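# Sequence, then the experimental structure. Questions to follow.
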Amino acid sequence: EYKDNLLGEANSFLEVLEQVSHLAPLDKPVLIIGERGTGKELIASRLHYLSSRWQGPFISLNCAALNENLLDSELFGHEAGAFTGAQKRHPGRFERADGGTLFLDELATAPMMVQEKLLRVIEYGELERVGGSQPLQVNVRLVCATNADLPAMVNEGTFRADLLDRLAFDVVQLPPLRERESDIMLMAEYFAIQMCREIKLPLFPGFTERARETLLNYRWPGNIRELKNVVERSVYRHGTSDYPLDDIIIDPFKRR
Amino acid sequence: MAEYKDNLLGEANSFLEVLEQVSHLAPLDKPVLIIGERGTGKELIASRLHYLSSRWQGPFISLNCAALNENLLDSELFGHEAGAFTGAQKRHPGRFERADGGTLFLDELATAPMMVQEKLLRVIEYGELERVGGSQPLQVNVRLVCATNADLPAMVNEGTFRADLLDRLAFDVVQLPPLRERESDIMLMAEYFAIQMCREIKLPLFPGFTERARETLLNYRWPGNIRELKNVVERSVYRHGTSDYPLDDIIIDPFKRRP
Amino acid sequence: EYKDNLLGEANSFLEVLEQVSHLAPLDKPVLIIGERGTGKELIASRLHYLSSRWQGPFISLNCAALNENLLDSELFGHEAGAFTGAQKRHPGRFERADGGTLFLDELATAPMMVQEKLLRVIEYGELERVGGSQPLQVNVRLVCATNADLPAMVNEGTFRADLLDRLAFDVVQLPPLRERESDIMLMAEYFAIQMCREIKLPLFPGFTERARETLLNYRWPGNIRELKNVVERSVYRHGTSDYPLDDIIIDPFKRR
Amino acid sequence: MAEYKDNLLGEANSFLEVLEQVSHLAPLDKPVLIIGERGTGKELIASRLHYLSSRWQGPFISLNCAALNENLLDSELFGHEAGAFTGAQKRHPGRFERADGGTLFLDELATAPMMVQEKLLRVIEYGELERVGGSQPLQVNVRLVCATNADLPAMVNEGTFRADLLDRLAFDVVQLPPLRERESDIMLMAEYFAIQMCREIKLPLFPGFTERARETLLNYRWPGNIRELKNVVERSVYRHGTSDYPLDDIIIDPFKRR
Amino acid sequence: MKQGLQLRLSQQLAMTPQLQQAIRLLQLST
Ligand SMILES: Nc1ncnc2c1ncn2[C@@H]1O[C@H](COP(=O)(O)OP(=O)(O)O)[C@@H](O)[C@H]1O
Ligand SMILES: Nc1ncnc2c1ncn2[C@@H]1O[C@H](COP(=O)(O)OP(=O)(O)O)[C@@H](O)[C@H]1O
Ligand SMILES: Nc1ncnc2c1ncn2[C@@H]1O[C@H](COP(=O)(O)OP(=O)(O)O)[C@@H](O)[C@H]1O
Ligand SMILES: [Mg+2]
């Protein structure tokens, strides 16, 4: 069950988990509307680990990291050293994990050409290599995580309409944190317990009321990342179990 | 020789006329061009055109002009000999030479830049190509098939397309009727995709279709002729998930909120 | 210890050194933040020289100077693997410094995949290797140092979030000397005596009131490099020891 | 140490000040920047610095930073102990090391590519240059003196030149006054250049300078430097003839159609 | 990321015809 981290009392989380249970078996493309810091490679893990097969490699690690020419090589690799800069054969990323699923982060950033290439590859399964050799066909599921509105940036024409409709077979949006109301103390408690175990604290002393007011007032742009850092830094700076925590480290980069 | 029917559904009215017209194009060895809206199943007919040909055994390779690495464009288009430039360890077959006796699929000709237009301008009329860093020239015979999305005569007057290349690939044009205009096979396409989807979800059987669903099908503008109809049928039948009754609601857009 | 090559006062560098003294035993990474040209390197030598880590061989590499392909190679490239090209490839700076201190500079201007692989290396002490699946479990004593606000370009995604958020426990500040307002005169004295010894000038005749006014009035965009250049240039232009210095040059491109 | 035989012809009462300034820099090992404009004879000042230093007995290689190849930069700067052929008994020397024991002169600093900028920045701050191959660091002791004519603060502002290596290599600058600023030595340079030309063309005798010629070459804004003045004299003395009459006509620019 | 004629040394080699004869001298039985 992978400890089923990040338990949600939210009805939105419950219903989205219910749907992910249904999209788990079928080899259909899943697009997850999760803002940055919100379910980042958290439900794609469940989708790969609840599918019919789990033996297929799950490498993922696709992002806006590389420019278009570097992202091309990242996705498909090289054709047995056919051209400069290639000493051997690099299968790439689609061939890297066959029989499982891959993951895309910030696919909206991806250039028009690789968008269209994803179109050509997803339907048939064939992968025309960069060298121009014969195309090799592999079967892999695709999960895509974006943060922005695709209807608008296809209205400007920046997204291939065919790619949007084909890849966006079924969308699964996520609840942002500020909508999550009563689970913020739950996350604080859970993260605090994990942190006190990892620093081998004897036990957790508990929260206070000023700290609770602080965890009621803030905005928390990140659904997970923003508050996990705050709580772990606060408990680490406390460094004790005798007294309940009262100091909150809001931003690690504040002066003094 | 076999039939090579592949997947053929929803054949009626002007679509049958188009199939009848394209049936006899395969024996001919003249370039063909297909005009149609995006996602109007244009490739299906383009593929079947190769199989209906006498030399159907020729290998089938496809390129998309929207995806051309400008750095490797010339090498991919023609072919590069061994040692022509640094890093070329072995001789690599080009795309044009890759197909001999087999058809080549061209796409997005309306998006073809002047650069690719000029580089490809001559290899068609005479079937003559010389590899980059090549000593002697090669000659091949390939039937070109092209698909597009815009008004090539309009782009010609606009000046971003060359009339020379256009008439080089303007023997005959096939106009695929858009399904939102035919309106005669929407039920058949939808029900076919419904049986396929309900079968692959390992469900017992597919129930009927709700009359309200039929009512709201014809109203939609349907920018996706037969590429979003299949998708909406699949997603809606997945949403229902039971053989309980004909599905009353079709999920036309997935972006719409659950409540 | 080894502090004599430095002097900290004005209740700011004092607390920086006090924090260094406390975090010295921790072998795990710390995060140092300071402007360009203010004490990053000499504090870096300090962390290595404290009692926790004086034994190991220390190295320092600036990530701003090197390219992406070279930077990925130098840290860990073909340490044990055999591939076409890269003949006689060395294990690299990271492997050579394993067992000792490490200081990679300017993490902000680092390639995306290099950053991700550095995170993979620092997490649970596992170093990947293409040639050998076995990961190097050698103890590592490395702490990260950057100048710019890492949140600033993690907001635009120009830096990997997890890399910041994992080692954000031990933030260290290096304030500019414009705030110190009490260190400039005695480091200026030290530099003056250093050059008079270098050039065999008999004795340093001190400063003048106008020189003090100007040195306290300047804004000092460059903290220590510019300070050294200015004080040495002034001592040179004076070129004599009879009377105290009164002419200083902060911009040598000034004509007359 | 020994004053090399060079032509500086300094009388402007500003060039003398620059000469005293550079002479003060002669012993010191600190990095030096030479700031000037087109021409202006900065190479003579750089040779003067190298050749009146303690390390003057050392070599005086001078690399053209515009002339280094891009790909071959590493081997060019460092070298490779491995020979060009199997069982070689020697290796090619890089730009660095070939300078050890003496000064290295850099020119066209502004036009140096970013690859040169970043590669050179790393080597100077620490030394310990290593040739390609092997793991043996060699420690070097090299004096750097550089000359440029562009505006490196503007280059920094555009970002086409890294400010860090500038700051490391800008311990002190020496300012070179333009010929128009000098405005007193023009007679002596004119005469010396003419005397050299007399032997070069094998003309028998110098005819002399007319007052009109003196007035015209003196009354000029002189965007061109000393070398431009040199070429001027060169053109006029030849167009004049065989010195049967005093020199009378000066052509400022040989581009007007007439 | 380009097609361009480039150059960088990392190897060395040399040989003469009589050296070729001497190196083929050891390919054969006694
Ligand atoms: N006669 C037909 N009956 C049913 N489905 C069809 C028919 N023709 C095409 N299709 C469907 O239309 C889909 C898209 O085809 P097409 O528009 O050619 O793709 P492309 O975007 O590459 O042009 C195909 O998946 C195919 O299943
Ligand atoms: N008293 C001192 N003696 C010698 N060097 C000093 C002294 N104080 C400061 N420094 C110099 O300050 C430098 C700080 O390095 P630098 O990278 O310029 O800092 P920053 O990262 O702030 O730019 C060190 O290289 C060190 O030589
Ligand atoms: N004082 C001088 N004595 C003799 N020749 C000079 C003097 N000043 C300048 N020149 C001449 O001017 C030219 C300047 O050349 P150079 O220093 O290379 O210009 P730049 O520095 O712009 O490249 C030299 O060739 C030299 O002959
Ligand atoms: Mg298509």
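Done, it's in. Numbers count the residues shown, from 1 in each chain, chains lettered A, B, ... in the order given. Ligands and ions are numbered 1, 2, ... in the order given.
# ok, the residue in chain E that chain A sits nearest to - contacts?
Residue of chain E nearest chain A, by C-beta to the nearest C-beta: residue E:1 (4.0 Å). Heads up, the C-betas are built off the backbone N, CA and C, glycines and all. The neighbours of residue E:1, taking C-beta atoms under 8 Å, 6 or more residues apart in numbering or on different chains as the test, are A:69, A:70, A:73, A:85, B:71.
# do the same with residue A:115
Per C-beta under 8 Å, 6+ apart, neighbours of residue A:115: A:107, A:159, A:160, A:163.
# Tell me how far the residue lying closest to residue A:23 once chain neighbours are set aside lies from chain D.
Once flanking residues are discounted, residue A:23 sits nearest to residue A:30: 5.3 Å by C-beta to C-beta, 6 or more residues apart in numbering or on different chains. Here the criterion is C-beta to the nearest C-beta, to the nearest Å. By it, residue A:30 lies 43 Å from chain D.
# ok, residue A:30 to residue A:22 distance?
Noted for residue A:30: a distance of 10 Å to residue A:22, by C-beta to C-beta, to the nearest Å.
# neighbour-wise, which of the two wins?
residue A:30 (24 against 13; other C-beta atoms under 10 Å in any protein chain shown).
# May I have the beta-bridge partners of that one?
Beta-bridge partners recorded for residue A:30 (DSSP bridges): residue A:143, residue A:170.
# thinking again about what came up before, with respect to residue E:8, which of the contacts of residue A:115 is nearest?
residue A:107 (36.7 Å; C-beta to C-beta).
# Next up, the contacts around the closest residue in space to the closest one that isn't next to it in sequence.
Excluding the flanking residues, the one nearest residue A:107 by C-beta to C-beta, 6+ apart is residue A:144, at 5.1 Å. For residue A:144, the contact set (C-beta under 8 Å, 6+ apart) comprises A:29, A:30, A:31, A:32, A:103, A:104, A:107, A:167.
# tell me the SS of the fifth one?
For residue A:103, the secondary structure call by DSSP: H, G, I helix; E, B strand; the rest coil comes out as strand.
# Mind checking which of the contacts of residue A:115 land in helices?
Within the contacts of residue A:115, residues falling in helices by DSSP state H are residue A:163.
# Which of the contacts of residue A:115 are buried? Put it as a PyMOL command.
Buried members of these, defined by 16 or more other C-beta atoms under 10 Å in any protein chain shown, are picked up in PyMOL with:
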select buried, chain A and resi 107+159+160+163
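# what would the contacts of residue A:115 look like in CSV with distance to residue E:12?
Converted to CSV, these look like this (distance: C-beta to C-beta, whole Å):
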residue, distance to residue E:12
A:107, 48
A:159, 54
A:160, 52
A:163, 52
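# Just the closest of the contacts of residue A:115 to residue E:30, please.
residue A:107 (69.5 Å).
# Identify the residues contacting residue A:111.
A:68, A:71.
# ditto for the one 10 residues further on
Residue A:121 makes contact with A:94, A:127, according to C-beta under 8 Å, 6+ apart.
# helix or strand for it, which one?
helix A:112-124 (DSSP states H and E).
# what's the distance between residue A:197 and residue C:123?
In terms of C-beta to C-beta, residue A:197 sits 18 Å off from residue C:123.
# Please give me every residue in contact with the residue most central in space within chain E.
The centroid of chain E falls nearest to residue E:13 when counting by C-alpha atoms, centre = their mean (5.3 Å). Each residue near residue E:13 by C-beta under 8 Å, 6+ apart is listed here: D:85, D:86.
# again, only this time at 10 Å
Neighbour list for residue E:13: D:84, D:85, D:86, D:87 [criterion: C-beta atoms under 10 Å, 6 or more residues apart in numbering or on different chains].
# Same check on residue A:21?
A:46, A:47, A:50 are the contacts of residue A:21 under C-beta under 10 Å, 6+ apart.
# how about the helices in chain A?
According to DSSP H, the helices that chain A contains are A:11-23, A:43-49, A:68-76, A:112-124, A:150-155, A:161-167, A:183-198, A:209-217, A:225-238.
# and the ones you listed as JSON lines, adding distance to residue E:29?
Output for those, formatted as JSON lines (distance: least, C-beta to C-beta, whole Å):
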{"stretch": "helix A:11-23", "distance to residue E:29": "71"}
{"stretch": "helix A:43-49", "distance to residue E:29": "62"}
{"stretch": "helix A:68-76", "distance to residue E:29": "51"}
{"stretch": "helix A:112-124", "distance to residue E:29": "58"}
{"stretch": "helix A:150-155", "distance to residue E:29": "75"}
{"stretch": "helix A:161-167", "distance to residue E:29": "68"}
{"stretch": "helix A:183-198", "distance to residue E:29": "71"}
{"stretch": "helix A:209-217", "distance to residue E:29": "88"}
{"stretch": "helix A:225-238", "distance to residue E:29": "73"}
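# Tell me which of these lies nearest to ligand 2.
Checking the helices of chain A against ligand 2 by C-beta to the nearest ligand atom gives helix A:225-238 as the closest, at 24.8 Å.
# Can you report how many residues lie near the residue lying closest to residue A:210 once chain neighbours are set aside?
Setting aside the residues directly before and after it, residue A:210 is nearest to residue A:246 in space (C-beta to C-beta, 6+ apart), at 6.0 Å. Close neighbours of residue A:246, defined as other C-beta under 10 Å, add up to 13.
# contacting residues around residue A:246?
A:207, A:208, A:209, A:210, A:211, A:214, A:234, A:238.
# And for residue A:101?
Contacts of residue A:101 (C-beta under 10 Å, 6+ apart): A:27, A:29-30, A:44, A:47-49, A:51, A:53-54, A:56-60, A:140-143.
# What about residue A:97, how many residues nearby?
For residue A:97, using other C-beta under 10 Å, the count is 18.
# Buried by neighbour count, from the contacts of residue A:101: which ones?
A:29-30, A:44, A:47-48, A:51, A:56, A:58, A:60, A:140-143.
# Present those residues as CSV; the columns should include distance to residue E:26.
Below are the buried ones among the contacts of residue A:101 laid out as CSV (distance: C-beta to C-beta, whole Å):
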residue, distance to residue E:26
A:29, 63
A:30, 66
A:44, 62
A:47, 64
A:48, 59
A:51, 61
A:56, 53
A:58, 54
A:60, 55
A:140, 54
A:141, 59
A:142, 59
A:143, 62
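# re earlier: and the residue nearest to the centre of chain E, how far from residue D:91?
Residue E:13 is 15 Å from residue D:91, by C-beta to C-beta.
# and what of residue E:26?
From residue E:26 to residue D:91 the distance is 30 Å (C-beta to C-beta).
# Could you verify my assumption that residue A:109 touches residue A:145?
No - Residue A:109 sits out of contact with residue A:145 when judged by C-beta atoms under 10 Å, with a separation of 11.8 Å.
# These two - which one has more neighbours?
residue A:145 (28 against 13).
# I'd like to know how far the more buried one sits from ligand 2.
Between residue A:145 and ligand 2 the computed distance is 37 Å (C-beta to the nearest ligand atom, to the nearest Å).
# give the contact list for that residue.
A:30-36, A:38-44, A:60, A:62-63, A:103-108, A:174.
# again with residue A:224
For residue A:224, the contact set (C-beta under 10 Å, 6+ apart) comprises A:5, A:6, A:37, A:38, A:39, A:40, A:42, A:177, A:187, A:191, C:165.
# What about residue A:173, how many residues nearby?
Neighbour tally, residue A:173, other C-beta under 10 Å: 18.
# tell me the contacts of the closest residue to it other than its chain neighbours?
Leaving aside its sequence neighbours, residue A:173 sits nearest to residue A:33 (C-beta to C-beta, 6+ apart; 3.7 Å). The neighbours of residue A:33, taking C-beta under 10 Å, 6+ apart as the test, are A:16, A:39, A:144-150, A:168, A:171-174, B:254-255.
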